[PDB]
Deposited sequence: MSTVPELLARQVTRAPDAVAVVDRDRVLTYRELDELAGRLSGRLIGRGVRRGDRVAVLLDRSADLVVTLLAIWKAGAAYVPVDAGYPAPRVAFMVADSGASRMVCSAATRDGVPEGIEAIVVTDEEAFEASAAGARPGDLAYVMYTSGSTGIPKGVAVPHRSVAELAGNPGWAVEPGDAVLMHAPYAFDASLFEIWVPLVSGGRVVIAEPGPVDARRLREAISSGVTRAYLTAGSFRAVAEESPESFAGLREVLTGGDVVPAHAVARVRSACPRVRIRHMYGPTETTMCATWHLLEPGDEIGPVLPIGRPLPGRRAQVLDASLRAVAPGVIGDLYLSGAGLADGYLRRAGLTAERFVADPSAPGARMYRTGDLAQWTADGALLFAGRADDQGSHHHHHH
């Protein structure tokens, strides 16, 4: 599948439901689809073809969401560039990714590198609304690692396997706070999961989301929020009651101590807490651990169990599967794998390796160590380094 296909299902089912809330501005599903079709028509009008890469340099906004969908409708892949990146990283990312055009706004226009086409998203041009369509094997985006950053090429099928995963349990009544950089794949949860579910994306006000702003967002109707591990740990230790009223708080990426989860559960008995694990190379997260309301975490916070549709393997140095309680190398397979690294065939062959458990398939080498519990959960055991 593709996220545009999943979203089209929601546009058909409830065209007048709210899709995006950005300050005063509100977009319904139909309005989001129509706006994205117009910008898609501008891209097709310039000659953008399937597989082309379009960079994006925008502040978070309804226009950002419109732009990403529009690039997808045109058959292209987006290369998200954070407007806060220094100019050399912007220039490197654009050149490395092979992006030939860059959507920007009046405010970010000066950030487009010289020699790359600047497309100002608010400009109106004489092109008809058109869509070439997204296809599952086609490239959906190129997101860069925190290392020389590497460009991870992710196809539509993997983004949809993530965004449309039933385990998210996001409903049309949900409102998800959007504040993570759209250059980070946590934005897949903040943007695409609610939109494929019929819920709404709530664009956070400019600036970092702290505990006070989280409480204000919850009071205005936000039901689910993701925080980076660092931010979650800080709020969990300083003001764990600030999560009160959320249906679910999500975190992951860096180390989250069990104590931080325990503090939030103590202050907020009813909030679901989802701990997530996974590299960019396997599309946001590959395993997760959900602490149901009222339940206590205990001494170790698992990285959890593979998402539906995914598989994990813990192998020793001879590539043999180890028993529970034995530390080994963690490999990720099933849904969600990237195609590989742009311009780096060797590195791709070095980390997206043959999977002995599924004929012809690949598994991603995390470089992390883990162990199974007897009941099939995974505990992080450090870096293979």
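Residues of the deposited sequence lacking C-alpha coordinates, numbered from 1, fall in the stretches 1, 149-151, 390-399.
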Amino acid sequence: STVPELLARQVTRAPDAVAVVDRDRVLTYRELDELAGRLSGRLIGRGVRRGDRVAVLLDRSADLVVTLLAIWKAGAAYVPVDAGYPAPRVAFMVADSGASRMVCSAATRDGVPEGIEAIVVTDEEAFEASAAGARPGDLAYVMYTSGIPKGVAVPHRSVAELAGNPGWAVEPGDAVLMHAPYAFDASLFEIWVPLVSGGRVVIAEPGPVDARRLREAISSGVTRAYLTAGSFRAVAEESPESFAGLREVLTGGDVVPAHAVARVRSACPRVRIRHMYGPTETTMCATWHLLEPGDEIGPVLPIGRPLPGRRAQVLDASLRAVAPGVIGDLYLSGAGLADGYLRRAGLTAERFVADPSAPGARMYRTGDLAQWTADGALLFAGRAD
From here on, numbers count along this sequence of modelled residues.
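Taking the mean C-alpha B-factor of each stretch as recorded, 343-351 and 41-49 are not equal, and the higher mean is that of 41-49. Averaged over Cα atoms, the B-factor as recorded in the entry is higher for 124-132 than for the other of 199-207 and 124-132.
Highest C-alpha temperature factor among 109, 73, 274, 156, as the PDB entry reports it: 109. Taking the deposited Cα B-factors for 308, 279, 88, 194, the highest one is held by 88. When all modelled residues of the chain are sorted by CA temperature factor, residue 374 is found within the highest third. Among the modelled residues of the chain, residue 20 sits in the lowest third by CA temperature factor in this PDB entry. Per-chain ranking of the deposited C-alpha B factor places residue 167 in the lowest third.
Among all modelled residues in this chain, the alpha-carbon of residue 10 has a temperature factor (C-alpha) in the middle third. Ranked against the other modelled residues of its chain, the C-alpha B-factor of residue 266 as given in the entry falls in the highest third.
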